[PDB]
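**Q** This one is an experimental structure. Sequence first:
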Amino acid sequence: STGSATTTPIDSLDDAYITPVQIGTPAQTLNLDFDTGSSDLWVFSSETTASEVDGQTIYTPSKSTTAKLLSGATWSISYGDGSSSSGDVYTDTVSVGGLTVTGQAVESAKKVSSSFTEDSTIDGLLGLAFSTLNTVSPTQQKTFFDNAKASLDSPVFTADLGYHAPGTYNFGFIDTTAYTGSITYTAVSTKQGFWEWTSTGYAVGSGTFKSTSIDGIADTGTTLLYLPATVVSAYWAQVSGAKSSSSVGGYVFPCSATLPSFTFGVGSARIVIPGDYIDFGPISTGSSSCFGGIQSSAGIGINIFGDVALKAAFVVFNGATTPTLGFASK
């Protein structure tokens, strides 16, 4: 089996992407944030504290003939941006782009933090990291990908995120028309539960590539590219007027500046992030100061290849016995 679904930016900055997911019988379609940096599938629901629901589409398990309450099970998650949610747990039929998993754990939010409430466009998350990170208690549950794996033509899914445009999540096959040149594959460590790998280095604009190991995770659920302070300083030093602002919380630059590209290494191959991808617009409405898309990971505790990086590539998440990541230009 396979599935193919279009993923769409939630706003003009590509702050996140949403993908339609069918839940229950008859189907209830919710727009979920596919997140390769977490492993919970959770949704706004009929159980969510009413005062914490503001425009989102909710899952109503009582209207689904296939919903089953997982007795006594609870979940609670915190994300790196300080967001959180929690609730109880159903299993139900879940389909993504034609691919159906029966008995998928669908985590129903009883509580969500304000950042989720205030974002009307995201109806929940669908985690695609390794199931070891799943927060259901007393017994951890499997991700959509884990459940689907054995049925898939090939045990893989791919992320093809768009720059200010829709893109695609495919399950079970590699679309050889979706990228240029070849895919370079690189080893993954699953020890922390993430799609963790080691980039082979970086370049700034037309500068010579610096060969250096950069451990990090491929995380579709993080907007920006977070890298060591040395690397990030080297990048912004090439942008006239750029500075790190503690007030704003990162590197800012004059909105009129020309941004250089940023290159990261995958084995002997290279992915080039165009300068335009690194512009996240005015720091506040009407400002001539713009917020940078490459920021320091210092304080996060891990480097994160988020959407700014991944949208410059066709990315294979290879879930074979020994997992790997593949990257191609496009």
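**A** All right, it came through fine. Numbers count the residues shown, from 1 in each chain.
**Q** Going by C-alpha atoms from here, please, whenever you check contacts or count neighbours.
**A** OK.
**Q** and residue 117, what does it touch?
**A** When contacts are counted by C-alpha atoms under 8 Å, 6 or more residues apart in numbering, residue 117 touches 52-54.
**Q** Surely it is in a helix?
**A** Yes. Assessed by DSSP: H, G, I helix; E, B strand; the rest coil, residue 117 belongs to a helix.
**Q** Which stretches in the stretch 51-200 of the chain count as strands?
**A** Applying DSSP state E, counting those that start in this stretch to the stretch 51-200 of the chain gives strands spanning 68-78, 84-96, 99-112, 124-127, 156-160, 167-171, 180-187, 196-204.
**Q** Just checking: what are the partner strands of the shortest one?
**A** This means strand 124-127. Strand pairing for strand 124-127, determined by DSSP bridges: strand 28-35 (parallel), strand 41-43 (antiparallel).
**Q** shouldn't residue 302 be in contact with residue 216?
**A** Yes. Residue 302 is within contact range of residue 216, at 6.3 Å (criterion: C-alpha atoms under 8 Å).
**Q** Give me the more crowded residue out of these two.
**A** Taking neighbours as other C-alpha atoms under 10 Å, residue 302 and residue 216 compare with residue 216 leading, 23 against 16.
**Q** My reading is that the more buried one lies in a helix. Confirm?
**A** No. Counting by three-state DSSP, residue 216 is not part of a helix but strand.
**Q** buried sites along stretch 283-298?
**A** Neighbour-count burial for stretch 283-298, counted by 16 or more other C-alpha atoms under 10 Å, picks out 283, 289-297.
**Q** actually stretch 257-276, not the one I typed
**A** For stretch 257-276, the neighbour count (16+ other C-alpha under 10 Å) marks 259-266, 269-274 as buried.
**Q** do the same with stretch 87-106
**A** 87-97, 99-101, 103-106.
**Q** before we move on, the earlier item: distance to residue 20 added to the strands of the stretch 51-200 of the chain, as JSON lines?
**A** Below are those laid out as JSON lines (distance: least, C-alpha to C-alpha, whole Å):
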{"stretch": "strand 68-78", "distance to residue 20": "22"}
{"stretch": "strand 84-96", "distance to residue 20": "7"}
{"stretch": "strand 99-112", "distance to residue 20": "12"}
{"stretch": "strand 124-127", "distance to residue 20": "11"}
{"stretch": "strand 156-160", "distance to residue 20": "15"}
{"stretch": "strand 167-171", "distance to residue 20": "11"}
{"stretch": "strand 180-187", "distance to residue 20": "27"}
{"stretch": "strand 196-204", "distance to residue 20": "27"}
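**Q** Residue 144 is nearest to which of those?
**A** Judged by C-alpha to C-alpha, the one of those that comes nearest to residue 144 is strand 99-112, at 6.6 Å.
**Q** so how far is the closest one from its chain's centroid?
**A** Offset of strand 99-112 from its chain centre (C-alpha atoms, centre = their mean, to the nearest Å): 18 Å.
**Q** cool, stretch 224-240 as well?
**A** 21 Å.
**Q** Relative to residue 183, tell me which of the strands paired with strand 124-127 wins on proximity.
**A** strand 28-35 (21.8 Å).
**Q** on that earlier part again, and the buried residues of stretch 257-276, which is closest to residue 167?
**A** residue 273 (16.4 Å).
**Q** so what's the closest one up against?
**A** 261-263, 308-309, 312.
**Q** Over to residue 230: give its phi and psi.
**A** Backbone geometry at residue 230, expressed as degrees, to the nearest 10, gives phi -60, psi -50.
**Q** What about it, how many residues nearby?
**A** Neighbourhood size, residue 230 [other C-alpha under 10 Å]: 10.
**Q** Could you report the separation of it from residue 212?
**A** Using C-alpha to C-alpha, to the nearest Å, residue 230 is found at 11 Å from residue 212.
**Q** Straight-line length of stretch 185-192, end to end?
**A** First-to-last distance for stretch 185-192 - C-alpha to C-alpha - comes to 20 Å.
**Q** Check stretch 155-166 too.
**A** Using C-alpha to C-alpha, the distance between the terminal residues of stretch 155-166 is 24 Å.
**Q** bridging residues for residue 186?
**A** The partner residues for residue 186, given DSSP bridges, come to residue 325.
**Q** For it, give its distance to residue 240.
**A** 35 Å.
**Q** Compare neighbour counts for those two and give me the winner.
**A** The residue with more neighbours, out of residue 186 and residue 240, is residue 186; 16 against 13, by other C-alpha under 10 Å.
**Q** Among the strands of the stretch 51-200 of the chain, pick out the one with the most neighbours on average.
**A** strand 124-127 (a mean of 26; mean count of other C-alpha atoms under 10 Å).
**Q** what residue is smack in the middle of the chain?
**A** residue 220 (1.8 Å; C-alpha atoms, centre = their mean).
**Q** and that residue, helix, strand or coil?
**A** The three-state label given to residue 220 by three-state DSSP is coil.
**Q** and it, what does it touch?
**A** Applying C-alpha under 8 Å, 6+ apart, the residues near residue 220 are 34-37, 306-307, 310.
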